[PDB]
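So the sequence lines, in the order shown, correspond to chains A and A'. A prime marks a further copy of an entry chain.
Count the first sequence with PDB author numbering and you get residues 1 to 136, in order.
Count the second sequence with PDB author numbering and you get residues 1 to 136, in order.
Cβ coordinates follow ideal geometry from the N, Cα and C atoms, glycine included.
Down below is the structure, laid out as structure tokens.
2 protein chains.
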Amino acid sequence: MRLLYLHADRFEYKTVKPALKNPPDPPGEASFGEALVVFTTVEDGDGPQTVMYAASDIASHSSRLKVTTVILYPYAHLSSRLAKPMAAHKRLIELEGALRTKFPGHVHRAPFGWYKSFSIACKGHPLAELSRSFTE
Amino acid sequence: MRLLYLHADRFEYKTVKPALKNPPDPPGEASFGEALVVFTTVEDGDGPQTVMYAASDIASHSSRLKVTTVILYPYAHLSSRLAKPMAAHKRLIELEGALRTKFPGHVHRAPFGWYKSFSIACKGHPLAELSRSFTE
Ligand SMILES: C[C@@H](O)[C@H](N)C(=O)N[C@H]1[C@@H](O)[C@H](n2cnc3c(N)ncnc32)O[C@@H]1CO
Ligand SMILES: C[C@@H](O)[C@H](N)C(=O)N[C@H]1[C@@H](O)[C@H](n2cnc3c(N)ncnc32)O[C@@H]1CO
Ligand SMILES: [Mg+2]
Ligand SMILES: [Mg+2]
Numbered sequence: 001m002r003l004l005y006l007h008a009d010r011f012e013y014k015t016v017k018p019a020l021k022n023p024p025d026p027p028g029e030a031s032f033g034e035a036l037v038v039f040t041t042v043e044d045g046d047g048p049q050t051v052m053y054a055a056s057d058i059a060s061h062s063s064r065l066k067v068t069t070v071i072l073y074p075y076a077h078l079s080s081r082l083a084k085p086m087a088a089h090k091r092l093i094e095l096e097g098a099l100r101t102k103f104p105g106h107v108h109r110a111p112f113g114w115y116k117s118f119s120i121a122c123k124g125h126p127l128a129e130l131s132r133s134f135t136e
Numbered sequence: 001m002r003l004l005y006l007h008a009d010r011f012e013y014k015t016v017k018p019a020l021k022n023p024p025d026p027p028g029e030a031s032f033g034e035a036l037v038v039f040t041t042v043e044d045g046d047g048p049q050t051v052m053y054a055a056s057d058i059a060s061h062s063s064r065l066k067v068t069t070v071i072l073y074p075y076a077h078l079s080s081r082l083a084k085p086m087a088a089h090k091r092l093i094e095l096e097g098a099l100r101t102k103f104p105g106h107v108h109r110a111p112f113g114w115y116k117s118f119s120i121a122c123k124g125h126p127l128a129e130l131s132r133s134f135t136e
């Protein structure tokens, strides 16, 4: 799993065209205030240990940043060892679940299998943009 | 070299604190309309062949997208094989130069060695977000 942590002042996305033949999630849109936006690329090796490691780290970083909202934003472009779409959607659902056991704020999982527009206003402080890798 | 191509409706950034002890570029800020925003991570293997390959591809993609502005935005987080800061700043200056020989629109190289805030409004069309790797 490869993650990008973006500490945002605001974030919004809207699904546009379907990326996959049958996207497993419905279309939609959402917007937020201050949040940790977690661009998430699911990799071939990822299993339950990977998910839990990622859940704990996202929780800790969020604690350190004093954020109370985390967006899990599926993203295909952070690495060159992608899992297949079915496995990735399963891992992202598991990650959402795991995070809720470690982090007490709002967790929003953005829809999987869609092309999307988004806007972010990312903070410029020292810890506002960090990458993470998890494996098992 | 690892790149992320984001076809933006708008983009802006502002340098905030210095990331490096002595940033090789002055501080500043800029904003744009429709542009290809190229998040650029310079990797250990990168040399002149890498730069030219990247320049040609950025030019071609930009041609395909019908954009007339390209932002070269230094970014440390797209891979786990970073070049050192001196080499990276040199390669990014070379890339800027190379791109101007292949692409006829506005090329803006954002300042290197700074923490920055940014906002983007990324389009949601099929080709609006793509990753690229170049080597030699
Ligand atoms: C493209 C851009 O607008 C959008 N944001 C997008 O990237 N959409 C991705 C993810 O929602 C998802 N997806 C497929 N495989 C994976 C994977 N291994 N890991 C994470 N997501 C995946 O399916 C789409 C690409 O097939
Ligand atoms: C952090 C975030 O707010 C900001 N956008 C940032 O990433 N700043 C980076 C780049 O400007 C640059 N830098 C250092 N090494 C590299 C490299 N190998 N490739 C590209 N840039 C580099 O130096 C800063 C990190 O040392
Ligand atoms: Mg809609
Ligand atoms: Mg300023």
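Any non-hydrogen atom of ligand 4 within 7 Å of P23 (chain A') CB: With a cut-off of 7 Å, the C-beta of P23 (chain A') is classified as distant from ligand 4, since no heavy atom of the ligand falls inside that distance.
Closest residue to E43 (chain A) among A:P27, A:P18, A:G28, A:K90 (Cα-Cα distance): Taking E43 (chain A) as reference, the option from A:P27, A:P18, A:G28, A:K90 with the minimal CA-CA separation is A:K90.
Neighbourhood of ligand 3 [Cβ distance below 7 Å to any heavy atom], ordered by chain position: Going by the Cβ distance cut-off, the answer is A:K14, A:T15, A:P27, A:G28, A:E29.
Alpha-carbon spacing of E136 (chain A') relative to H108 (chain A'), whole angstroms: Their backbone Cα atoms lie some 25 Å apart in a straight line.
Endpoints, alpha helix (DSSP H) assigned at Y53 (chain A'): Looking at the DSSP string, the run of the alpha helix (DSSP H) that includes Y53 (chain A') is 48-65.
Residue range of the beta strand (DSSP E) that includes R109 (chain A'): For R109 (chain A'), the uninterrupted beta strand (DSSP E) segment begins and ends at 106-109.
Closest by C-alpha distance to residue 142 (chain A'), when choosing among A':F112, A':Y115, A':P104, A':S117: Beyond the ends of chain A' as shown, which are 1 and 136, falls residue 142 (chain A'); an answer cannot be given.
Cα-Cα separation, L99 (chain A') to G33 (chain A'): Their backbone Cα atoms lie some 19 Å apart in a straight line.
Limits of the alpha helix (DSSP H) - the one that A8 (chain A') falls within: That residue, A8 (chain A'), is in no alpha helix (DSSP H); its beta strand (DSSP E) goes 2-18.
Neighbour list for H125 (chain A) in chain A', Cβ cutoff strictly below 9 Å: Near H125 (chain A) (Cβ distances below 9 Å), the residues of chain A' are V16, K17, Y115, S117.
Proximity test, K116 (chain A') beta-carbon vs ligand 5 heavy atom, cut-off 7 Å: Ligands displayed in this structure: ligand 1, ligand 2, ligand 3 and ligand 4; ligand 5 is not among them.
Simplified DSSP assignment, three categories, for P85 (chain A'): For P85 (chain A'), the three-state secondary structure derived from DSSP is helix.
Element boundaries [beta strand (DSSP E), containing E136 (chain A')]: Per DSSP, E136 (chain A') belongs to no beta strand (DSSP E) and is neither H nor E.
CB contact check: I120 (chain A) to chain A', cutoff 8 Å: Closer than 8 Å to some Cβ of chain A', the Cβ of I120 (chain A) qualifies, so yes.
Cut-off 7 Å between Cβ atoms - residues of its own chain near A121 (chain A'), not counting five sequence neighbours on either side: Correct list, in chain order: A8, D9, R10.
Nearest-angstrom Cα separation, counted from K17 (chain A') out to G28 (chain A'): Cα to Cα, the separation comes out at about 11 Å.
Cβ-based contacts, 9 Å cut-off: residues of the region 70-82 of chain A near chain A': If the cut-off is 9 Å between Cβ atoms, the region 70-82 of chain A has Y75, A76, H77, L78, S79, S80 near chain A'.
beta-carbon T50 (chain A') near ligand 2 non-hydrogen atom, thresh 7 Å: No - ligand 2 has no heavy atom lying nearer than 7 Å to the Cβ of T50 (chain A').
Touching by the beta-carbon criterion (3+ pairs, under 8 Å), the region 110-127 of chain A and the region 71-79 of chain A: Verdict: yes, contact present.
Limits of the beta strand (DSSP E) - the one that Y115 (chain A) falls within: First-last of the beta strand (DSSP E) with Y115 (chain A): 114-122.
Residues bridged to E29 (chain A) (per DSSP): When beta bridges are read from the DSSP output, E29 (chain A) appears opposite A:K14.
Beta-bridge partners of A98 (chain A'), as assigned by DSSP: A98 (chain A') is not bridged to any residue.
Helix, strand or coil at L36 (chain A) according to DSSP, with G and I counted as helix: Here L36 (chain A) sits in strand by DSSP.
Residue(s) in a DSSP beta bridge with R91 (chain A'): Partner(s): none; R91 (chain A') has no beta bridge.
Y5 (chain A) beta carbon less than 8 Å from that of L95 (chain A): One thing to note: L95 (chain A) has its Cβ no nearer than 8 Å to the Cβ of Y5 (chain A).
Closer than 7 Å: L82 (chain A) CB and nearest ligand 1 heavy atom: Answer for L82 (chain A): yes, Cβ within range of ligand 1.
Separation of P126 (chain A) from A19 (chain A'), as counted between CA atoms: Going by the C-alpha atoms only, they are around 8 Å apart.
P23 (chain A') to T41 (chain A') span [Cα, whole Å]: If you take the alpha carbons of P23 (chain A') and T41 (chain A'), they lie about 17 Å apart.
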